Structures are given as structure tokens and as C-alpha cells.
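Student: quick one: initial chain(s) of a complex, as found there:
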Amino acid sequence: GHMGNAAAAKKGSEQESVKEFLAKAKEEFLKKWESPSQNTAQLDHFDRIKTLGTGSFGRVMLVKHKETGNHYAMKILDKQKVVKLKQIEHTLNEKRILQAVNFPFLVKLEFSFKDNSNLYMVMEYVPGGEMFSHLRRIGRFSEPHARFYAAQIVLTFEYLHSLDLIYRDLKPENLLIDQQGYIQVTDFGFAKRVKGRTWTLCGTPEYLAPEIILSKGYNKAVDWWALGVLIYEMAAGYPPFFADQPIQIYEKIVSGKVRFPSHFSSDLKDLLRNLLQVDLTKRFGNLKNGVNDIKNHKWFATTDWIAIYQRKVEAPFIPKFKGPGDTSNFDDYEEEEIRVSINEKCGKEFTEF
């Protein structure tokens, strides 16, 4: 067979230990899920420094804790705007997930609080910026470099899925690089607790699984499809399915055809054909052996999963970092006021925050 006795025993033991870890992690998650933390700091504990990001998602600001000098990334949502855009449940659920999970590649929520006008999530500052920027700048990642990142996503999805959390928002724009060169996953507005199926059309065109496009009930296998898109884009510099208009992208996704650059290794192409599998009865991550079909694939043969988890692998790339407040890996945005009204807004809607 493919493994001798020693290798098979070692692999089996490793897989059993993962089960044991995940069972403990689920116990810890559910305690925090059932009794969320609230109101652990206030706004005047922090100096506002610079806007790190802004969009439909609100704003994210670099802030500095006045007494420790620690920098943080503070997500600010306008309560009235969240209600207008019909995002109450997503906003509450994002914060509830973030205060309950614990994993080395999931961003840490250090404080949260609210005031008359806004909701605030104070997260670790991840200074290396988006993977997106580095990928477009370098062009493409070599396969070992791509694999280093991919391994962290595999472990993070293995963790999230064991909690019955589907992620649904994977793309390089939503992965940050920390000071050690490791990945941080930050955005949980599309994440949902799903033991079985769910039906919402959400995501980004290039990363949508075919069953989402086709308006099916779907499951956590959409995240393994998206991993395939991510690995392809990291290794090629462009995603597998693209076109001028989303409808043309969707036609390609559902077609069952995917084409590869000539520099892709055969191992990589085999992994990607099994992740980018339209047929759900054949897609890696959705079969009887679950995540192990991915972790045991030839393309990951050199991956020491425990060493990645322990963050003991030397990263391929360390972003430039000139001090704890450095924002050079982020873009510049127009700086807008943080207005706090004398009157409380939408109090009932956000009692749980």
C-alpha cells in the first residue's frame, strides 16, 4: 500500500489526536458562544491614529491604547447604517463568533463596546496588510509559498467546520499577514452556524461554489471549493474563473472545466481538480474521509501540520515592519469623524452587542 506500518500508525495517531483537540475546542467554543462577553473597554481608552479600511462593512481604524501603548484595529459600525442596510443579524453574529473562537490564524477580539451611535470591535492589529496586495505585487507565489498559506487555511477550516461554522468569505482580500508572516482571518460577516444545509446567496463571484450559483441548499463543502480557488490564485496570480462580467464567471464555474498554467505541478493540478469538483459526491473535503483527503494529498506531503499550527515553520515572507504603529502595508483613506450623538440610537436592536 502507500504507507508502511510505521507511517500508517503515525498518521492514524495524528488523525485521532486532531479529533481529540477538536472535541476540546468545541467545548470551549460553546461556553463562550452561550455566554458572550460584552463591554470590555470604552472609546476614550484609545487614541485614534489612522483609517486602515473603509467600505460597506463600515470602517477599521488603527488605534493606540493610552496606558499600554498597544496598537489595535478598531472596527466601527454606525448602528443606524447597519439597520438601514439590513445587517443587524450579521453584525451581532460576527461579534458573537469572534468573541467565542480561539485559533492561531483567527484574529483576536481584544475588546468590544458600544455607545449612543456606534458599535466597536477592537482586534489585534495585523500589520502586514492583505495577502491581496502582496500577491498582486509579487505576481504569484511559488508553490511552497502558496502551500504554507494554504495549510493554515486548511487547519482553520478544519477548526471552524468542527464548530459547525461555515465561513463563505474566503479570498486574498480577506486574509491578513502578521509580523511573523502567518495568516490572520478577520471577516466573519458571512459566517454562519450550519450543521446541515443553508441557502443564502452570498460571497464573491470568482470564489462562489457552483451549488451557490445554482441556488441549491449547500453545506461546508463550499469552503473547500473556495480553498481550491484560493490555492489556484495564489499559485497562478489570477483565479481559475474570470471574465468581464459576473454572469460569464458563473458560466465557467458551473461548466465543470478548469484549465491550468503550464508551470503548475501535476500534484497541484490533481489537488485542484479534486477541490474544484462540481460534483459534490466527488469533492475533497466532502467525502467519507473528510479533511484527511486534503491533508494527506501528495501536494501537502512536505507539510508538517503540527509545526504549522505551532507556528514553528519559518515563513516564506515577512512584511516590512518599522515599528508597532506602522501602517505602510495598508492604503490611505480620507479621515472621517467618529461622531457620537447625545442621543442613543437603535438601542433595542443591539442589546446583545
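Tutor: Sure, I can see it. Residues are numbered from 1 along each chain as shown, chains lettered A, B, ... in the order given.

Student: ok, residue A:173 - contacts?
Tutor: A:130-132 (Cβ atoms under 8 Å, 6 or more residues apart in numbering). Just so you know, the C-beta spots here come from the backbone N, C-alpha and C atoms, and that holds for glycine as well.

Student: okay, how far is it across stretch A:189-203, tip to tip?
Tutor: With Cα to Cα, to the nearest Å as the measure, stretch A:189-203 spans 10 Å from end to end.

Student: list the contacts of that stretch.
Tutor: Stretch A:189-203 is contacted by residues A:57, A:87, A:90-91, A:93-94, A:97, A:160, A:163-169, A:212, A:215-220, A:222, A:226 when judged by Cβ under 8 Å, 6+ apart.

Student: let's see which of those residues end up in helices.
Tutor: Judged by DSSP state H, helices contain the following of those: A:90-91, A:93-94, A:97, A:160, A:212, A:222, A:226.

Student: looking at the residues you listed, which is nearest residue A:34?
Tutor: residue A:97 (13.0 Å; Cβ to Cβ).

Student: now do the SS call for the nearest residue to that closest one once chain neighbours are set aside.
Tutor: Using Cβ to Cβ, 6 or more residues apart in numbering and skipping residues adjacent in sequence, the residue nearest residue A:97 is residue A:188, 4.7 Å away. Of the three states, residue A:188 takes coil under DSSP: H, G, I helix; E, B strand; the rest coil.

Student: tally of neighbours for the spatially closest residue to residue A:168 that is not a sequence neighbour?
Tutor: Distance criterion Cβ to Cβ, 6+ apart; nearest residue to residue A:168, sequence neighbours excluded, is residue A:190 at 4.1 Å. By the measure other Cβ atoms under 10 Å, the count of residues near residue A:190 is 18.

Student: ok so, going back, narrow the contacts of stretch A:189-203 to just the buried residues.
Tutor: Applying 16 or more other Cβ atoms under 10 Å to the contacts of stretch A:189-203, the neighbour count classes A:87, A:90-91, A:93-94, A:97, A:160, A:163, A:165-169, A:212, A:218-220, A:222, A:226 as buried.

Student: tack on chain B:
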Amino acid sequence: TXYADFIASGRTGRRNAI
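Tutor: So that you can see how it sits with the rest, here is chain B on the chains above:
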């Protein structure tokens, strides 16, 4: 080339959710 096709798509920048 596929890279040229990628540039032609106009979707080389940050992509919004649907």
C-alpha cells in the same frame, strides 16, 4: 495569454461581495 486575459477582464483589483 491567460495573464493578458486576466488583465482584460478588468477584475484585477479588489473584488466586492455580491
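
Student: quick recheck of the neighbour count of residue A:190 now chain B is there?
Tutor: 19 (other Cβ atoms under 10 Å in any protein chain shown).

Student: any idea how far it is from chain B?
Tutor: Residue A:190 sits 8 Å away from chain B, going by Cβ to the nearest Cβ, to the nearest Å.

Student: what do you get for residue A:187?
Tutor: Residue A:187 sits at a distance of 10 Å from chain B (criterion: Cβ to the nearest Cβ).

Student: residues touching the residue nearest to that residue when sequence neighbours are not counted, list them.
Tutor: Once flanking residues are discounted, residue A:187 sits nearest to residue A:174: 4.8 Å by Cβ to Cβ, 6 or more residues apart in numbering or on different chains. Contacts for residue A:174 were tallied using Cβ atoms under 8 Å, 6 or more residues apart in numbering or on different chains; they are A:130, A:185-187.

Student: show me which residues of the stretch 251-353 of chain A sit near chain B.
Tutor: Within the stretch 251-353 of chain A, the residues that sit near chain B (Cβ under 8 Å from any Cβ of the partner chain) are A:259, A:261.

Student: taking the stretch 251-353 of chain A, what residue is nearest to chain B?
Tutor: residue A:261 (6.5 Å; Cβ to the nearest Cβ).

Student: surely that residue is in contact with residue A:239?
Tutor: No: using Cβ atoms under 8 Å, residue A:261 is not in contact with residue A:239; the gap is 11.9 Å.

Student: any idea whether residue A:111 is helix, strand or coil?
Tutor: When classified by three-state DSSP, residue A:111 comes out as strand.

Student: show me where chain A has helices.
Tutor: A:5-34, A:79-84, A:88-100, A:131-138, A:143-162, A:210-213, A:221-236, A:246-254, A:266-275, A:292-295, A:305-309.

Student: distance of the residue nearest the centre of chain B from residue A:345?
Tutor: Among the residues of chain B, the one closest to the centroid is residue B:11, at 2.6 Å (Cα atoms, centre = their mean). To residue A:345, residue B:11 is 37 Å away according to Cβ to Cβ, to the nearest Å.

Student: how about residue A:126?
Tutor: Separation of residue A:126 from residue A:345 (Cβ to Cβ): 30 Å.
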